K.L.:
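Quick one: the structure is below, and I'll ask about it shortly.
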Number of protein chains: 2
Amino acid sequence: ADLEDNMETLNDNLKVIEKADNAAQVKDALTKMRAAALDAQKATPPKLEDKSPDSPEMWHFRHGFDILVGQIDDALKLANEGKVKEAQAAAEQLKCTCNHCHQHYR
Amino acid sequence: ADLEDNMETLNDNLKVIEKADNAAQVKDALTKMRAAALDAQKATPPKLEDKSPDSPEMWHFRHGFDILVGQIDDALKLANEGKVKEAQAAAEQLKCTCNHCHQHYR
Ligand code: HEC
Ligand code: HEC
Ligand code: NI
Ligand code: NI
């Protein structure tokens, strides 16, 4: 999917986790976010100056999703252990990683 | 003032906002952070002592304080509207910006 579809998937499913009642909902949302993050990882940010694939800026972009996926996996482990409240708190910690990447385009 | 002293001003006024009870305290602390951020913006950080003021590194360093000041101005607006709770949440959300500059420059 394109970057915009991925970002909608991420934003939508973070809200799903926030209002979820059970682990199945949290796990399903986190699984969808993980796929969307790995999809977006291969895209190019539209406002980036040097879009050269090996530029530090492009590596910092790709690495942002590595960090995001690691955090998604942290939350997935908690949800996999039936720790719904804890997984939800872990998902909230994603937000600063989202915002970090966005700030490179502001 | 130097970066370390301005950073102390920012860190301490973050705590003043956290324990504040009214809009006057929050406004006073945010205004103090705004001033410290604009003073810090004048400085070349240690890891860039080698770099010109028109260098892209320094443009982005100064831009980071503009982002932070923009967010402080949003929190000020909330406090001037008497939304004391929302202003305090906004001040907390600043910490993500604090950490992002640190990753790239500290
Ligand atoms: C880079 C490493 C990113 C991470 C991590 C996240 N997002 Fe993102 N997002 C990214 C880019 C390059 C952009 C476009 C910026 C621009 O030039 O406009 C976005 C944008 C969004 C949006 C706005 C919708 C859109 O532009 O199509 C949303 C709602 C969004 N992103 C959500 C989001 C969330 C919830 C994230 C973490 C869980 C997240 N993004 C991470 C790049 C990156
Ligand atoms: C760049 C745009 C920055 C923003 C935004 C914020 N800070 Fe910062 N901070 C920055 C640098 C380059 C440094 C290193 C200075 C040095 O001489 O090494 C720092 C350091 C700090 C510190 C440590 C201070 C010390 O005496 O070692 C603190 C406590 C700190 N910064 C706090 C802080 C807060 C709370 C911020 C947002 C509200 C914030 N900083 C923003 C650069 C930047
Ligand atoms: Ni970054
Ligand atoms: Ni000093």
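Whatever order the structure lists them in is the order used to number ligands and atoms, beginning at 1. In what follows, every chain begins at residue 1, and chains take the letters A, B, ... in the order their sequences are listed.
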K.L.:
Where on A:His100 is there a heavy atom closer than 4.0 Å to ligand 1, on the side chain, on the backbone, on both, or on neither?
P.N.:
neither
K.L.:
Distance to 0.1 Å, residue and atom name: give those for the protein heavy atom nearest to atom 2 (C) of ligand 1.
P.N.:
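Result: A:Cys101 SG, 2.5 Å.
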K.L.:
Any salt bridge between A:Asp66 and A:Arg62, counting N to O under 4.0 Å?
P.N.:
no
K.L.:
Identify, for atom 39 (C) of ligand 1, the protein heavy atom at the shortest distance, and state residue, atom and that distance.
P.N.:
A:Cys98 CB, 3.4 Å
K.L.:
Is the shortest side-chain N to carboxylate O distance from A:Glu57 to A:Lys47 below 4.0 Å?
P.N.:
no
K.L.:
So which protein N/O/S atoms does the Ni ion (ligand 3) have within less than 2.8 Å?
P.N.:
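Listed by chain and number: A:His60 NE2, A:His104 NE2, B:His100 NE2, B:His104 NE2.
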K.L.:
Contact between A:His60 and ligand 1, counting heavy atoms under 4.0 Å?
P.N.:
no
K.L.:
Show me which atoms of ligand 1 lie under 4.0 Å from any heavy atom of A:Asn11.
P.N.:
29 (C), 35 (C)
K.L.:
Quick one about B:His104 and A:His104 (side-chain donor to acceptor, distance below 3.5 Å, no hydrogens or angles considered), yes or no?
P.N.:
yes
K.L.:
Does the protein put a heavy atom under 4.0 Å from atom 17 (O) of ligand 1?
P.N.:
yes
K.L.:
Numbering the atoms of ligand 1 from 1, which are under 4.0 Å from a heavy atom of A:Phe61?
P.N.:
1 (C), 2 (C), 12 (C)
K.L.:
Which distance, rounded to the nearest 0.5 Å, do you find between the CG of A:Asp54 and the CE of A:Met58?
P.N.:
10.0 Å
K.L.:
Looking at the Ni ion (ligand 4), which N/O/S atom of B:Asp2 is the nearest one?
P.N.:
OD2
K.L.:
Could you tell me whether atom 35 (C) of ligand 1 has at least one protein heavy atom nearer than 4.0 Å?
P.N.:
yes
K.L.:
Rounded to the nearest 10 degrees, what's the angle SD of A:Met7 makes with NE2 of A:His102 at atom 8 (Fe) of ligand 1? Could you check?
P.N.:
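That angle works out to 170° after rounding to 10°.
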K.L.:
If the cut-off is 2.8 Å, does any N/O/S atom of A:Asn6 fall short of it from atom 8 (Fe) of ligand 1?
P.N.:
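No, A:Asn6 does not qualify, because none of its backbone or side-chain N, O or S atoms lies under 2.8 Å.
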K.L.:
Which heavy atom of the protein is the closest neighbour of atom 14 (C) of ligand 1, given with residue, atom name and distance?
P.N.:
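Of the protein heavy atoms, A:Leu3 CD2, 4.3 Å lies nearest.
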K.L.:
Return a yes/no value for A:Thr97: is any of its N or O atoms, backbone included, closer than 3.5 angstrom to an N or O of ligand 1?
P.N.:
no
